[PDB]
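As given, the protein sequences belong to chains A and B, one line each in that order.
What the first sequence shows, in the authors' numbering, is residues 268 to 294, in sequence order.
What the second sequence shows, in the authors' numbering, is residues 33 to 177, in sequence order.
We put the CB at the ideal spot given by N, CA and C, even for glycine.
Here the structure is laid out as structure tokens; the discussion comes afterwards.
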Amino acid sequence: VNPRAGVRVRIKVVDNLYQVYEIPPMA
Amino acid sequence: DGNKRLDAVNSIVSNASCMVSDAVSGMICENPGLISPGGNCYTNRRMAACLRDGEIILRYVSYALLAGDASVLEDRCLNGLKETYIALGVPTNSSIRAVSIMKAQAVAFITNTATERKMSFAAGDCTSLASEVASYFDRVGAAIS
Ligand SMILES: *C(=C)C1=C(C)[C@@H](Cc2[nH]c(/C=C3N=C(/C=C4\NC(=O)[C@H](C)[C@H]4[C@@H](*)C)C(C)=C\3CCC(=O)O)c(CCC(=O)O)c2C)NC1=O
Ligand SMILES: *[C@@H](C)[C@H]1/C(=C/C2=NC(=C\c3[nH]c(C[C@H]4NC(=O)C(C=C)=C4C)c(C)c3CCC(=O)O)/C(CCC(=O)O)=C2C)NC(=O)[C@@H]1C
Ligand SMILES: *[C@H](C)[C@H]1/C(=C/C2=NC(=C\c3[nH]c(C[C@H]4NC(=O)C(C=C)=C4C)c(C)c3CCC(=O)O)/C(CCC(=O)O)=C2C)NC(=O)[C@@H]1C
Numbered sequence: 268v269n270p271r272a273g274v275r276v277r278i279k280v281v282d283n284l285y286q287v288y289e290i291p292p293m294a
Numbered sequence: 033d034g035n036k037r038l039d040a041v042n043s044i045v046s047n048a049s050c051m052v053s054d055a056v057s058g059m060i061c062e063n064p065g066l067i068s069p070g071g072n073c074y075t076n077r078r079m080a081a082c083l084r085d086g087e088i089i090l091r092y093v094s095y096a097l098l099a100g101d102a103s104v105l106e107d108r109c110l111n112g113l114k115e116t117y118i119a120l121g122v123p124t125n126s127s128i129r130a131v132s133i134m135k136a137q138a139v140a141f142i143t144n145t146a147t148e149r150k151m152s153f154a155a156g157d158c159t160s161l162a163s164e165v166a167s168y169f170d171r172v173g174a175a176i177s
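Pasting the structure below:
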């Protein structure tokens, strides 16, 4: 909806361990 | 193949500023009437709005690539845009040129074939991803033509 927003994605590696991928909010 | 997709997205977002300014500058140098009085990039307010729209479109296209589906782009960015541009007097043919230049840039970064900047990847092939991101950019023109 708002394109200026950031983005956060959660990847499961194992139970209770995650890889976090970020796109920052726009300047 | 998910690691390749993450690399491909990173290659775009890491160069997103240069992509937008170079595409909108390219649209202008090909059609300098856009900068003359009465042109739709004339005045700083207009040039800033155009640069903003370049960035928005690229932002949506990068989501679509990160998701492997066009819906976010079509629903949140492309829906309504043609009508808006008509109502505003934003030239859709010049818009499509800006988008086509960003398409050429993204294909280059994804396949690591940019002339002015190399990035770091394990050897392999990303042609599917480059063809996919192209199809997202082509949806923009399709929506606003
Ligand atoms: C006006 C005189 C005018 C331009 C401005 C320019 C616009 C233009 N740019 C391309 C192709 C690319 N631009 C790229 C952008 C970048 N490369 C970098 O290393 C930095 C980070 C960033 C911004 C400067 C890239 C990667 C490309 C792809 C080709 C390449 O790597 O050299 C085109 C070609 C568009 C097409 O193929 O349709 C155009 C028109 N050109 C001008 O005439
Ligand atoms: C086209 C995009 C490229 C290309 C990409 C390849 N990447 C490959 C492996 C790889 N890439 C990453 C980084 C990615 N994963 C992440 O979790 C994050 C951020 C959170 C990113 C940016 C990883 C971790 C890996 C796995 C290998 C490694 O651990 O070093 C790869 C090899 C195949 C594969 O793993 O699928 C390719 C081909 N390669 C190219 O030559 C073009 C230009
Ligand atoms: C640049 C490559 C173009 C160009 C673009 C202009 N856009 C102008 C205004 C504008 N754009 C949008 C759509 C944009 N807003 C969004 O929220 C989203 C997606 C969610 C998008 C794509 C809107 C709603 C507006 C109006 C509000 C505003 O001004 O931001 C604009 C200003 C027009 C005017 O008022 O004079 C321009 C110049 N112009 C060009 O010549 C090239 C082709």
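Listed by position along chain B, the residues whose Cβ is nearer than 7 Å to that of A/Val268 are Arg108.
Under the three-state reduction of DSSP output, A/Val268 falls in the coil class, being neither helix nor strand.
A/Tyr285 does not reach chain B, its nearest Cβ partner there being about 14 Å away, counting only Cβ pairs nearer than 9 Å. Of all residues in the segment 35–59 of chain B, only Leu38, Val45 come within less than 7 Å of chain A when Cβ atoms are compared, listed by chain position.
Scanning its chain for C-beta atoms nearer than 7 Å, with the 5 sequence neighbours on each side dropped, one finds around B/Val122 the residues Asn72, in chain order. Around the beta-carbon of A/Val287, fewer than 16 other beta-carbon atoms lie within 10 Å, marking it exposed. Annotation for B/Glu115: the continuous alpha helix (DSSP H) segment containing it runs 113–120. Distances from the CA of B/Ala48 to each of B/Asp101, B/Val139, B/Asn63 were compared; the closest alpha carbon is that of B/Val139. Pairing B/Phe153 with B/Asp39, the inter-Cα distance amounts to about 8 Å. Taking a beta-carbon distance threshold of 8 Å, B/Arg149 does not count as an interface residue toward chain A.
The beta carbon of B/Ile89 sits closer than 7 Å to the beta carbons of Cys109, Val131, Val172 from its chain, once the five residues preceding and following it are set aside; these are given in chain order.
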